[PDB]
Structures are given as structure tokens and as C-alpha cells.
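Form deposited in one PDB entry, single chain, as C-alpha cells, below.
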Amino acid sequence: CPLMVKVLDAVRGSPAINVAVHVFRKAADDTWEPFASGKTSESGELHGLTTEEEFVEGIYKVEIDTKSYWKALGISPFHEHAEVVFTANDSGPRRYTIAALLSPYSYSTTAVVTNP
């Protein structure tokens, strides 16, 4: 797929499983249109959010529901969620992996952008 999301847990040393993820795309009217959604697998990965034909040039926001994830482990986390906003495919079609590493009061995110 042209878009994949990977989530890691820095407290447990494991993939972040069952993490809800929502993708929005900025519409012409400048509002965030819902584009795709899903949940991470046993390996902390989310595959199949979209296809090459559907994943056109645009501004995208990937929202990772970190709060729900931590609450289900008894932790009262700082953030509501992690948000990643970026322009996609404005220099031709590429493959995007959005990775996040999660702690209760901190997170980091990076992007791996590759051209097939």
C-alpha cells in the first residue's frame, strides 16, 4: 500500500496493538474530509488504508488515538492523540510509512518516504 502506519510502545517494549487510526484529507473548502481509518495489528502495523488510485496529491492528517490506547492499560496519558500532518505526492507518487513511538507523556513520529 502507498500509506502504512506503524506504532510502537516504549513502556512495554512491544508493538502498539489495536491502536485506532484516522486519516483526513484537506478539501477544497479547507475543511478536513475523512479519508480512511483502521486499527493496528498484532505487529503494530496498519495496512490497506488506501490505494494508489485513491491516494492523490493533497494535504493529509494522520491522527493516532494514543489516549484510548493508554487508558486501556490504566495509564492517564498527557496527550489526546498524536497528529501527523503532511503534503503527499506533490513530487510524484511515493510510498509513506508513518511511524510513532509512544510513552504516556511523550511521543516521537517519523516518516519513511520511498519511491518505487
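Heads up, when I say rigid core I mean the largest set of C-alphas that superpose within 1.5 Å between the two forms. Numbers for residues come from their place in the sequence shown, where the first is 1. Residues that one form lacks are left out of the comparison.
The next section is about a form of this same protein that is not shown, the form deposited in another entry.
Of the residues checked (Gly58, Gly38, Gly44, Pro77), the rigid-core alignment between this form and the one not shown shows a Cα shift of at least 2 Å for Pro77 alone.
Once both forms are fitted on their rigid core, the CA atom of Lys67 lies 2 Å or more apart between this form and the one not shown.
Distance between the C-alpha atoms of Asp30 and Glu80: longer by at least 3 Å in the other form than in the displayed form. Shifted stretches between this form and the one not shown, defined as 3+ consecutive common residues each with a CA displacement of 2 angstroms or more after rigid core fitting, are limited to 66-80.
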